[PDB]
Structure formats: C-alpha cells, structure tokens
Amino acid sequence: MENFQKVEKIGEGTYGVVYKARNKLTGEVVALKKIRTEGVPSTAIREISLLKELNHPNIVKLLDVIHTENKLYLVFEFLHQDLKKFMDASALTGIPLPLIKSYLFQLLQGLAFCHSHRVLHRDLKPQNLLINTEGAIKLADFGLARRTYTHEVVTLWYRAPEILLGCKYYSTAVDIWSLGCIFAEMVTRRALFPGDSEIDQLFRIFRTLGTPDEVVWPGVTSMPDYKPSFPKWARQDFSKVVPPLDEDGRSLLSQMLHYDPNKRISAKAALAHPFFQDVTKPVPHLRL
Ligand SMILES: Cc1ccccc1C(=O)c1sc(Nc2ccc(S(N)(=O)=O)cc2)nc1N
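Okay, here's the thing in structure tokens:
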C-alpha cells in the first residue's frame with residue numbers, strides 16, 4: 202500500500218500475509234491482511250460487507266476493504282498480542298481461572314452476536330483470538346464460506362467432528378466446538394486434540410470422547426466420510442480430560458463438546474451456564 206508504512210510482518214494469515222502498518226496520513230496503527238487473483242469473487246464481496254458492519258466489542262473491527270491491482274487488502278484495528286503467545290507466555294504458571302473465565306465469557310458474547318446475525322467464524326484457534334491490556338479478547342480473521350498459500354500447514358486441532366466427517370454445511374455449532382477445545386487448552390496448558398492429519402485428528406477425538414454412534418449422534422453413520430471400519434473406542438472418564446477444572450467448568454465444556462451439532466450448546470445458552478455466576482473482568486499481565 203502506497204498509503205501504508207509496513208512496520209513488521211505479524212505472520213502468514215489464512216489467505217495471505219499480515220502486517221502491522223501505519224496509515225502514513227492519519228498515523229493510525231493497523232493490522233493489514235494482503236491477499237493474492239485472476240477474477241475475484243462477488244459472493245465474497247457481500248460477506249465482506251456484512252463483516253464490515255458486524256461491529257461488537259469482542260469482534261476485531263474491520264476498518265477498510267481495498268481491492269486494487271489484483272490484490273485485496275483488509276485493514277483491521279490493531280491489537281498487541283494473540284492468545285497463542287499469551288498462553289505460551291503463561292505456560293509455567295497457567296492463566297488464572299478468573300481470566301480464563303472472563304475470556305471464555307467474552308468470546309461467547311462475540312459468538313452469540315455473530316451467530317444471531319447468521320455469521321459463522323469457521324476457524325477459531327488461539328492465533329486468531331486477540332487480547333489487549335484492558336482485559337478484552339476479540340475474535341479475528343473470520344473465515345469465509347468461499348493456510349496462506351504454498352509452504353504451509355493448516356492446524357486441525359480445533360476442527361469440529363462433523364467437518365472432519367465431511368458435512369457439507371457447517372452450523373454455528375462448529376464455532377462452539379473450537380472454543381471448547383480452546384477453553385480446555387487454557388485450563389490444562391496442553392492442546393486437547395493435537396492431530397497432525399485429518400484422520401489422526403478424528404481418531405484423537407474418538408479416543409477421548411468415544412467413537413460416536415447412532416445413540417449419541419443420530420445420523421453419524423450416514424455421513425460422507427464415516428466408515429464402519431473406524432475403530433471403536435470407549436469414552437474416557439471426563440475428570441481425566443481437564444483436571445483440575447471444577448465441575449461447573451467441566452459441565453459447560455462437556456456441553457460444548459457434544460458430538461451431535463444439534464445437542465451442542467449454543468453461545469447464548471452457554472452464557473447462562475452456572476460456570477459464569479462469578480465471572481469478572483481481570484487485567485492480564487501483558488509483556489509487549
Ligand atoms: C488479519 C489477521 C489474520 C490472522 C490473525 C489475526 C488477524 C488480525 O486481525 C490481527 S493480528 C493483530 N496483531 C497481533 C499483534 C501481535 C501478535 S503476537 N504473535 O502475539 O506477537 C499477533 C497479532 N491485530 C489484528 N487485528
């Protein structure tokens with residue numbers, strides 16, 4: 202961008218590269234996502250427009266969308282750290298439960314909002330959850346229905362089982378699943394389902410929650426990628442999953458990880474779960 206002074210590369214997003222940049226005129230500091238191109242979509246244009254109007258305290262603000270010279274630029278409000286870095290920085294001591302609870306609660310408010318506006322994120326993971334010094338956490342890098350590019354590896358750790366099983370239409374339930382996996386990770390300081398391939402991801406989920414069947418997930422054996430040959434693992438005692446999370450937290454997590462997308466708790470209902478009876482908004486200790 203001629204109007205932007207790149208300060209540094211933040212990373213390789215999911216479609217292109219992300220830079221911390223300064224509006225050479227206004228002096229505003231922003232995150233700039235640069236994408237690709239041989240025609241560009243139109244169905245996406247509508248998706249981008251809605252995302253731009255989708256303003257909420259727990260959703261990173263999309264400031265501008267600039268399509269020029271076969272490149273697409275998305276300008277977002279800048280936040281100083283992502284949750285992946287914060288979790289790594291807190292791995293020795295662990296993120297205090299009140300902060301874990303505050304973050305989960307804020308992310309559920311963000312999801313309740315996008316979901317009520319029929320917007321799905323589709324790819325929640327620690328790297329796309331951004332935090333600030335004021336204790337806020339926000340959803341970033343929403344994925345469209347429509348890895349950066351070459352030499353990359355997509356993280357499958359937070360993928361819902363119905364996606365892995367070939368479901369063609371995602372429901373808002375896929376975001377609840379990803380967030381449940383993130384909640385578990387903040388608590389235990391270890392990824393819940395660290396698969397290195399789609400089948401390894403699926404089988405790690407099965408080994409922990411039990412291989413799904415028609416009793417717990419009606420219709421699962423008729424799904425596109427389901428095979429009768431899948432191994433049959435018994436569900437593991439849940440208390441072994443996220444120690445030492447309290448029963449309120451474990452109850453909420455179990456509801457966020459129900460196999461059946463229709464049984465999985467909604468963001469709205471999760472906000473009313475007993476786990477949040479004592480929620481507060483603590484200040485995180487951020488080293489920037
Ligand atoms: C466009 C995009 C793609 C993927 C993920 C997020 C975004 C995004 O909107 C970002 S990224 C960021 N800053 C930041 C600062 C520091 C760190 S870090 N590793 O923790 O040093 C990470 C992110 N701010 C915004 N708005």
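Under the working numbering, the first residue of the sequence shown carries the number 202, and numbering increases by one thereafter. Even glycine gets a Cβ: it sits at the ideal position worked out from N, Cα and C.
Between the region 462 to 473 and the region 432 to 449, the count of Cβ pairs shorter than 8 angstroms is below three; the stretches do not touch. Ranked by how close their Cα comes to the Cα of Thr481, the residues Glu213, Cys315, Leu298 have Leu298 in first place. Annotated as proximal: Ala468 and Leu312, with beta-carbon spacing under 8 angstroms. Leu226 and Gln206 have their C-alpha atoms spaced approximately 10 angstroms apart. In the three-state reduction of the DSSP assignment, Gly311 falls in the helix class.
Annotated three-state conformation of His268 is strand, per DSSP. Secondary structure of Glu335 (DSSP, three-state): coil.
At a threshold of 7 angstroms, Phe277 counts as near ligand 1, since its beta carbon sits closer than that to one of the ligand's heavy atoms.
Nearest in C-alpha terms to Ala435, of all of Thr409, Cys382, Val421, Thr351, is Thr409. The DSSP-derived three-state label of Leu340 is strand.
Taking C-alpha positions only, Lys272 is separated from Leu331 by approximately 25 angstroms. In the three-state reduction of the DSSP assignment, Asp283 falls in the strand class.
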